[PDB]
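Novice: Before I ask anything, here is the structure I am working with.
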Amino acid sequence: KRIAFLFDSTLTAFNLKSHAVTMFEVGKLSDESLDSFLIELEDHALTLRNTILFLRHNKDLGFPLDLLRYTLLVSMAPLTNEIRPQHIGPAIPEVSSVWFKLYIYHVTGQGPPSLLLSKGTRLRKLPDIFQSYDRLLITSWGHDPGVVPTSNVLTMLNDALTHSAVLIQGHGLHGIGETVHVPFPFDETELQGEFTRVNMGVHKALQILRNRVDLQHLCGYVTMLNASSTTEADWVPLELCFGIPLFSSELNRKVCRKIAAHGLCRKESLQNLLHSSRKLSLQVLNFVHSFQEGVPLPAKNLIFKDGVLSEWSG
Amino acid sequence: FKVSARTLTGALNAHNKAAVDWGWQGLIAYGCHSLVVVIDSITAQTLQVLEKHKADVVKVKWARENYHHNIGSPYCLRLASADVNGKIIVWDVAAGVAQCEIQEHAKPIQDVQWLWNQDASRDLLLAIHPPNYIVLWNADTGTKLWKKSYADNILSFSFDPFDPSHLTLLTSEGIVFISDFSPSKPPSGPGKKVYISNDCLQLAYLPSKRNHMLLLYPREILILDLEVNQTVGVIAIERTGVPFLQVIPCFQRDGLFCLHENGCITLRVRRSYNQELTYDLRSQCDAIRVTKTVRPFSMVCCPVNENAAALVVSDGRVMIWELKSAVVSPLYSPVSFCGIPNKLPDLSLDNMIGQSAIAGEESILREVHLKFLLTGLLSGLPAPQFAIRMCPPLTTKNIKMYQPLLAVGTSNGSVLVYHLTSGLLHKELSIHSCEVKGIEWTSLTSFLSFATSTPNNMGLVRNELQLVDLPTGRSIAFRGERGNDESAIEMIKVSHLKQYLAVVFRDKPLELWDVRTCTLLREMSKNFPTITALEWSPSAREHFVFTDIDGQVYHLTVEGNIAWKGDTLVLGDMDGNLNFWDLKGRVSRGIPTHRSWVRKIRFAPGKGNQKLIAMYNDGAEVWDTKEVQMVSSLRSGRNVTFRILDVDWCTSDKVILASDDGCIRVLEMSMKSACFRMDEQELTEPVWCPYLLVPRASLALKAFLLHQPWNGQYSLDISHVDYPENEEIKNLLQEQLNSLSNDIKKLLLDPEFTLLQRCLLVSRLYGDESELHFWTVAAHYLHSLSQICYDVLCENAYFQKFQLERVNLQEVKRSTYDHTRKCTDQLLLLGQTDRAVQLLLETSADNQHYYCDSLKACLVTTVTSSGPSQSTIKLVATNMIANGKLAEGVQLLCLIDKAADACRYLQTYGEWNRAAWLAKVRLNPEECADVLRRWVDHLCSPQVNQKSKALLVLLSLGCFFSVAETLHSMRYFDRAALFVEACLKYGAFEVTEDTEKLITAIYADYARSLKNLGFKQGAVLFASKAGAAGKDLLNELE
Amino acid sequence: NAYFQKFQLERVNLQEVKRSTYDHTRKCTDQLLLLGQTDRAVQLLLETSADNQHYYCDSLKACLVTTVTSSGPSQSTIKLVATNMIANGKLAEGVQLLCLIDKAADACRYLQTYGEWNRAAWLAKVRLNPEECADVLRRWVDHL
């Protein structure tokens, strides 16, 4: 049969219009029309050039390729929170949601200060943990994260809490923080050297994540935040994503190469994905239901400080 | 779950633009539509609401605390408010009871302000009565002192921070100066009036520079000097800038707080490091959105520390900004921390930046940066036309999880949830896009709300019905996809068991739904009578009754596919009659209420309650069903000024009323306004305010913190000391101590934090003036002798430099010959004879004063020497004094060799201020002491009553022993004991044979005060140190 | 010169004995100041009533004539104020100041410059050494 590449409207939003209008509503490109699609495509557009030309040759260590909004489902990263056989990516929708951000923080024990507020909550005073940061990352339920000045944040938060839940995360102590993505699965080369900016595969945060998340048969990237901008204590995990990320050309080449080298599409190696896929979902749904007594909305207030997740009183 | 009577405030009026004040007690008060609201800054929540005025409030001012505090005059809260009817009410915030009512004529009060000089009388208040009347009132008995009439239109007035006898008036024509203000007699005459070459917005003095005031203009700021009456500095904005709105001067540091039209707050600090005065912008904030409906009114700043600002917005939102320090003229950190050289730079503004200095003059220099951070935000009720609803009443089956939530509707689609015992907003959810018409509750946590859109040409209205769950916030449609063209919904009903639901339309028949299943149940046929009113039966089968437009009554029961309770039916009509139908009696009892059309009527929750509430067009009423009688009445115009929009029941003994001005009030059966007190109030987080405690506990807490090393160990709990009083007071003391900030607590638990810094820190917390000023001067001089804000309390060199800079600016901006005459006189008196000779030789060849003037420059150059031919110069100089001309002769005496003699003549003729200025600039620091000592005696006379200034002057002279003598004489044992201990530690005077009598007396007197207060551990400690005179206290106390 | 000086002293004493009003006291003071009698002039200056409008200038003049007995330091500003006083138009006060401070020859030159030759000759006869009076007598003769 065929292998499909699931995507979101973000790719469409970012002679092209002749099929762009069809993608807006129909979105049912076939291999016959992808021939003209490639010629029309001859940063967001540039990274699409390598992806389509990669899943036709080899990848059998011989199937038609289509483009839909089937034996293998491959998505990209990061899937926007607006929307979302084998599947190389998030299994349940909670993986591509805020609940997964809290889950990874809970297991690792290291992360930025987090404050998840329920819908309708009124803030009268700024929490003391957020009075030192110069920039804050604001994430709404279903929307995309953004960075806003800390000086004027109460007036924006109270207006944004009247529609959906808002997550509060510190971004930088003296300005805009530094974010670096590390592709996974990890090869044996980066587990031998010391801690440097070029080689960050020896952080203790990733060591715990490697033994519980099973980052050996899935692709994606891991983002680390550095608010002190080396030492291992200045980097903390920020987010975990699954799929083939399309936002830069450098990361796409490395991610795609890790697919045709480790063999994340061989049927012998794909049979291990089903066992891993059915294990992550159960643990995530148990953690979500644990702090709860499409994606269900939060009922209580959760705060993350000093590596301990608890209930914020007020 | 006890519920207390309280009210909620919403939006403000146009008459409350200038009704806000921040007192030294640490509380912020602003004027509502007809109420006074007191809120805190660090806590940011409502504390007490005041209700006595019958009209809008225009002015609110706090009391001034500039006096020694003792048992006779303890810490208390006093507030003054004025309305448009000419009524001034003195308030007691602690009890919420008025003390004095003042009314003269019926005109709005233009301005009211307290008197800062309150050494002899502490209850003096001055207010403006239109059109041209000013009256000095008494805040204790409401007795008029004197009344003065003018011939202008007075708008505002300001008091001189330095000279209590100077008063200034701002009129429509110009500015009027008064130099004879006194509480005993009214002003003599109109005074001096100056014309300005109408659009002035504010006229206030500068508390950082003497004889200086600022003029507020839309695009300019003018700084004027009194003795020259000329502008010495202008502050202007660029062409693409927002015009000014309000300026708030600073005291401890030479700075200005400015407010713009867009809501931006800017801070300007005087230039000090690298000819007119220049102010440089340091920190800026972010403006808010501007629309025709919302706009800022005014801002206030805290006077105790001046490190924060508060903004008041027309919608009822209060924004609190805080100033932070971190390490373009440079600014440097101050060497001295908390009086003397772990640190807390953010404690106050004086610890953030250094003292002012003259630019252009030659160790550690650390740059400092200032930024504004928003740390507080308060919200109020929305615009009027609410729709209120109450949660289901308490029962025996839901007592374990009951919560008295209140639901309030809004015309913008918002839902407001209150908890009704703490008075705090619980949740705020936006559901609909139009005005909410009605709210019904399906459970203790879930409820329904519906809204209708605007009618179209045909008349069909889109209908929106949503189901909301409070813990989650999910909103789901109930009916579903019913389209956007259908008859509107005006009322919905939910039965007692929350099982069945009814929806009624204008012409479409009635539709029954199921709450649990959320499905359509059964639909009436077309041949059905129209629905007017409907109600369920409180007593799987449920009965509901409805009446049609024809007056017929139909009883229908539902089994799957108007007031009523018990066995009594009550019906209303458009005339006002309230029929009382009973099922058992089968008898009709019609009682004509002689009122307007009845809107809606409801009974009281709880079984056995046969009382109801009836809402009319212009009031509400309470009736009894068992016996047909009347309980209480409320009429708009007779007893209550405001109207009523909606009524509801809170508990079996309280009711909820909604007013037209945007306020919700909870009353009793009598519906009589009560006096809410802060003692029974329950608060979520603690509030630090020593004034709320009893007078015997506020003083006890101060002594405990002042002497921290109790039995060696350091602690902030009373459990380690012996304090024989009741547990209720002890618990209150513990709560307040735990409310202190973490940084303040760390500073107290500091072994190297000396006593002098502790006195300053405690005084800052209590928000007093006299205590803070005394310790600031004493600490600086004690440290200096051990090794501009204050005019005459500075050093000789520091004072001299600023006067030289001051006279330089005056000489630059000379305009006429008369101004030149003053400048020449000043320069000769300061000793700059070299530069005065050339200025004197500039007189035109036409002036009639050319002959003396040319010879005066002739005299100054040849008189610079002082030999044996100087005796006759004094003789004629003293003769010139005797004939009337004083200042003209004092110039000659000081010019030759003799400044000390000139000072004595000035003091004899009554120019005390000028003599001190002359002695401070010139003369060595051996003869200047004698001049100031004579000035101290005059200030201590019973007719001058300025003993506060006399104490500070003695501290400057260094006569510490004299300060100790006078402090004990004025019954200041609390201050006297601390000063003696500090002087001994820093080595000011030793315990010798003649000084031991005073030291023993002060400790004994302080020990007696502690014993009367109740603190025994402090009494025994100080009595032991007393010695022979403390033996009697030890024998009787032990 | 001594004979004429003695006669001038005699007539000025006679005038001073019979002073009547303030209109003559000022003239007598001017004559005494130009005739060299400075020790006795200060007492006469310190006699004006306290209500007269010229009291302040008179007191200033008394203090100055007491103080200006020296002729060393700070004698340039006095020369400038004297010369521009002459320039402005008031000659009598200016020539009084010149004769007061340190010089009479320049005063005679300025007086003869403006055309008051008789007063200049009288001043040169009462004042000045006979070595410098010869020159002023010669220029007076030449003008005559």
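Please read every residue number as a count from 1 along the shown chain.
Per the header: electron microscopy, 3.4 Å.
A Cβ is built for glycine as well, from the same backbone N, Cα and C atoms used for every other residue.
Residues or ranges marked as phosphoserine in Swiss-Prot (evidence: similarity to another entry): B:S329, B:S333. Annotated repeat 'WD 1' per Swiss-Prot: B:52-101, in sequence order. If you look up Swiss-Prot, you'll see B:104-147 marked as repeat 'WD 2'. The annotation repeat 'WD 4' is assigned in Swiss-Prot to B:389-428. Residues or ranges marked as repeat 'WD 5' by Swiss-Prot: B:484-523. If you look up Swiss-Prot, you'll see B:593-633 marked as repeat 'WD 7'. The repeat 'WD 8' annotation in Swiss-Prot covers B:639-677. Residues or ranges marked as repeat 'WD 9' in Swiss-Prot: B:739-786.
How buried are the listed features, and what sits near them?
Specialist: Sequence-distant contacts of B:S329 (phosphoserine), defined as residues of its own chain at least six apart whose C-beta falls under 8 angstroms from its C-beta, comprise B:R271, B:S272, B:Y273, B:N274, B:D280, B:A359.
Annotation for B:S333 (phosphoserine): spatial neighbours B:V327, B:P345, B:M352, B:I353, B:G354, B:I364, B:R366, B:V368, criterion Cβ-Cβ under 8 Å with sequence separation of six or more.
Residues 58-59, 61-64, 66-67, 73, 78, 80, 82-86, 88, 90, 153-157, 159, 161, 164, 183, 185-186, 945-948 of the same chain lie 6+ residues outside the repeat 'WD 2' (B:104-147) yet bring a C-beta within less than 8 angstroms of a C-beta in it.
Beyond the ends of the repeat 'WD 4' (B:389-428), by six or more residues, the same chain brings 1-4, 6, 8, 45-46, 379, 381-383, 434-441, 444, 447, 449, 451, 468, 470, 473, 605-606, 648-652, 656, 664, 666, 682-684 to within a C-beta distance below 8 angstroms of the stretch.
If one looks beyond the repeat 'WD 5' (B:484-523) by at least 6 residues along the same chain, the residues whose Cβ comes under 8 Å of a Cβ in the stretch are 437-438, 440-443, 448, 450, 452-453, 455-456, 458, 460-463, 465, 467, 478, 530-531, 534-538, 540, 542, 544, 558, 560-561.
Sequence-remote contacts of a segment are chain residues at least 6 beyond its ends whose Cβ falls under 8 Å from one of its Cβ atoms, and for the repeat 'WD 7' (B:593-633) they are 393, 562-563, 565-566, 568, 570, 572-578, 580, 639-640, 643-644, 646-649, 651-652, 655, 657, 669-672.
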Novice: Taking a Cβ cut-off under 8 Å, which residues six or more beyond the ends of the repeat 'WD 8' (B:639-677) line up next to it in the same chain?
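Specialist: Same-chain contacts beyond the flanks: 3-11, 32-35, 48-49, 51, 54, 94-97, 381-390, 393-394, 404, 406, 408, 420, 600, 602-606, 609, 611, 613, 615, 618-620, 622, 631-633.
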Novice: For the break between B:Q787 and B:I788 (23 residues unmodelled), what's the Cα distance in Å?
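Specialist: The unmodelled segment spans a Cα gap of 23 Å.
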Novice: Between B:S539 and B:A540 there are 53 residues with no coordinates. Please give the Cα separation in whole Å.
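Specialist: Cα separation at the break: 12 Å.
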Novice: Across the 11 unmodelled residues, what Cα distance in Å links B:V327 and B:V328?
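Specialist: Both gap-flanking Cα atoms are 16 Å from one another.
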Novice: Where the model skips 19 residues between B:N561 and B:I562, what's the CA-CA distance in Å to the nearest whole number, could you check?
Specialist: 26
Novice: Across the repeat 'WD 7' (B:593-633), what are the DSSP residue counts per state (helix, strand, coil)?
Specialist: 0 helix, 20 strand, 21 coil
Novice: By the DSSP assignment reduced to helix, strand and coil, which category contains B:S333 (phosphoserine)?
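Specialist: It is coil.
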Novice: Could you tell me, to the nearest whole Å, how far the Cα of B:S197 is from the Cα of B:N198, given 40 unmodelled residues between them?
Specialist: 9
